[PDB]
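So the sequence lines, in the order shown, correspond to chains d and e. In the entry's author numbering, each number is its position in the first sequence, counted from 1, plus 659. In the entry's author numbering, each number is its position in the second sequence, counted from 1, plus 710. Where is the CB? At the ideal position from N, CA and C, for every residue including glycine.
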Amino acid sequence: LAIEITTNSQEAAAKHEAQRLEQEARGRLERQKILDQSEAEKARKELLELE
Amino acid sequence: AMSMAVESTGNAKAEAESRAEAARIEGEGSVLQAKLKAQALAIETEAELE
């Protein structure tokens, strides 16, 4: 049971790491996406003028 | 919000510019038309008196 607690603790901080990196992902990507939609709008305005 | 601006305004500007151009014609037309009503209903009124 003493390896068990250390085996589970490996599992633990591993899962916790994964989640922090998952947030790295979504936190970055959701920001890239805004900075895309905004780059599109800088064009969409011009288009909307011609429209 | 700037696109929202260009869309909304640009639309109603396009739209009122339409109406405005329409009645601009009609007004220039009704002057010509009332000028013809003039000579017509006054040559009609002329040999009406005789």
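Quiz item: Any C-beta of chain e sitting closer than 8 Å to the C-beta of d:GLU708?
Solution: On the first sequence, position 49 is the one that residue 708 of chain d refers to. At least one chain e Cβ lies under 8 Å of d:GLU708.
Self-check item: Beta carbon of d:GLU700 nearer than 8 Å to that of e:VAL716
Solution: Numbered from 1 along the first sequence, position 41 holds the residue referred to as residue 700 of chain d. Numbered from 1 along the second sequence, position 6 holds the residue referred to as residue 716 of chain e. In this structure, e:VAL716 does not lie closer than 8 Å to d:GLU700 by Cβ.
Self-check item: Proximal residues of chain e, C-beta to C-beta of d:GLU700 below 9 Å
Solution: Position 41 of the first sequence, counted from the start, is the residue given in the question as residue 700 of chain d. Those within 9 Å of d:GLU700 in chain e are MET712 and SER713.
Practice problem: List the residues of chain d that e:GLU717 touches, going by C-beta distances under 8 Å, in chain order. | Solution: Working through the second sequence from its first residue, we reach residue 717 of chain e at position 7. Simply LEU707 and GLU710.
Quiz item: By how many angstroms is the C-alpha of d:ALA673 removed from the C-alpha of d:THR666?
Solution: Here residue 666 of chain d refers to the residue found at position 7 of the first sequence. Here residue 673 of chain d refers to the residue found at position 14 of the first sequence. Answer to the nearest angstrom: the Cα atoms are 11 Å apart.
Quiz prompt | Segment limits, alpha helix (DSSP H) that includes e:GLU731 | solution = Looking up residue 731 of chain e in the second sequence gives position 21. Note, e:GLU731: alpha helix (DSSP H), 712–753.
Quiz item: DSSP on d:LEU694, reduced to helix/strand/coil?
Solution: Residue mapping note: residue 694 of chain d aligns to position 35 of the first sequence, counting from 1. The answer is helix: DSSP assigns d:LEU694 an H, G or I state.
Self-check item: Contact list for e:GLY720 against chain d, beta-carbon separation under 9 Å
Solution: Residue mapping note: residue 720 of chain e aligns to position 10 of the second sequence, counting from 1. Ordered by position in chain d, the residues that pass the 9 Å Cβ test against e:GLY720 are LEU707, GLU708 and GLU710.
Practice problem: Quick one: list the residues of chain e neighbouring d:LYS674, beta-carbon separation under 9 Å, in chain order. | Solution: Working through the first sequence from its first residue, we reach residue 674 of chain d at position 15. The premise fails here: d:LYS674 is roughly 42 Å from chain e at the closest Cβ pair, so nothing lies under 9 Å.
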